[PDB]
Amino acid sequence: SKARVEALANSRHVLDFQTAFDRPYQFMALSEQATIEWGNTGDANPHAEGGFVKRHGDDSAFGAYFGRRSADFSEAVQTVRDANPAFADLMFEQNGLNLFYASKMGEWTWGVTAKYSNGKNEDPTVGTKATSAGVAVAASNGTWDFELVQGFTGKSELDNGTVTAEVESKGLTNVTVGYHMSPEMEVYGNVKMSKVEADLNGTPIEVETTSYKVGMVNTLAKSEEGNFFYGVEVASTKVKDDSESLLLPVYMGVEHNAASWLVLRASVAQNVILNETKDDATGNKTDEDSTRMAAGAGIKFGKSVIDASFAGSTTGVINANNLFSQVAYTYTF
């Protein structure tokens, strides 16, 4: 679930339905299961999602998933929307669909995820259309992880007889390699590039981001009760003619099976030493407080698990108005 992965800091050691989309060999290690992210239709946060992963014989898995929206796509569209209130109708991805398949052939597991979305409102006063398509291919043997995420299409446009807007992807590539020395240690490198082009009612805009990350994650000698982990990552991010950040996030956390009905999840992070963002023009530096934490739970009823975030975590409260948020339901067959 999203709440689980978030409380676990999105760390690379985590195995989850939600991390498998972009690491599809993981679909082969997951238990057959159905999961539903609670939320609403349309422009809603959380947005309703859900799907399943099934085993097909001994050496492969497959499944489908409804409603998943790309982080990059939704960010771009929201930036346009926030630019001018006339762009309020610019679409997020409509009816997102994922298909995925994984197979273990001897010592290597490989997998593939396909992403497609498409929709339109041809009402003249709205006049919107959006499409996306992409793929993730990956393989692993326990020691080596190879992950490739490639966007094919990402476009959203608006034209209502008053204004016009559009935003489009001119390339999305995410490549990751991981090396696991032992079941407790992993090191990883990652390179990401996206090009986005927008036209807001005449005015063109471009954004090009390139980011390099090198990191390591450690876990403890496997406990039957507590997965404790810690990590360090160096992250270099260049927005063309905008800015450049060099960040050293240090993080740590735990997933603890605290009771027959309860999993507790918590983690904390801070950028240690390296926290600067520099302006390409002025060279002025922003270097501000970055300490952050996360907390959530799982309520276990055997095959049924209700995951959530502690809604009060950012304010330090557990109280009946601030209990669970980002709820998901997972049934493991």
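Residues carry their position along the shown sequence, with the first being 1.
Participant: Taking the mean of the C-alpha B-factors per stretch from the entry, tell me the winner out of 305-313 and 320-328.
Facilitator: The stretch with the larger mean CA B-factor is 320-328.
Participant: Can you tell me whether 33-41 has a higher mean C-alpha B factor than 278-286 in this record, or the other way round?
Facilitator: Taking the mean B-factor of the alpha carbons in each, 278-286 is higher.
Participant: Looking at the C-alpha B-factor values in the deposited entry, which of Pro204, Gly111, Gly253, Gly189 comes out highest?
Facilitator: Of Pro204, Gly111, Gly253, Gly189, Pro204 has the highest C-alpha B-factor.
Participant: Report the option among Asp72, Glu233, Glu147, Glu93 whose CA atom has the maximum B-factor in the deposited record.
Facilitator: That would be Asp72, according to the entry.
Participant: In terms of the CA temperature factor given in the entry, to which third of its chain does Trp261 belong: lowest, middle or highest?
Facilitator: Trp261: CA B-factor falls in the lowest third of its chain.
Participant: Where does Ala61 sit by CA temperature factor within its chain: lowest, middle or highest third?
Facilitator: For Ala61, whose C-alpha B-factor we compare with every modelled residue in the chain, the answer is the middle third.
Participant: Could you tell me which third, lowest, middle or highest, the C-alpha B-factor of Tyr101 occupies within its chain?
Facilitator: Its C-alpha B-factor, which the entry lists for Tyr101, ranks in the lowest third among residues of this chain.
Participant: Considering every modelled residue of the chain and its Cα B-factor in the PDB entry, is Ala221 in the lowest, middle or highest third?
Facilitator: It belongs to the highest third of the chain when residues are ordered by C-alpha B-factor.
Participant: Going by what the PDB entry lists, where does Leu172 fall on CA B-factor within its chain: lowest, middle or highest third?
Facilitator: For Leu172, whose C-alpha B-factor we compare with every modelled residue in the chain, the answer is the middle third.
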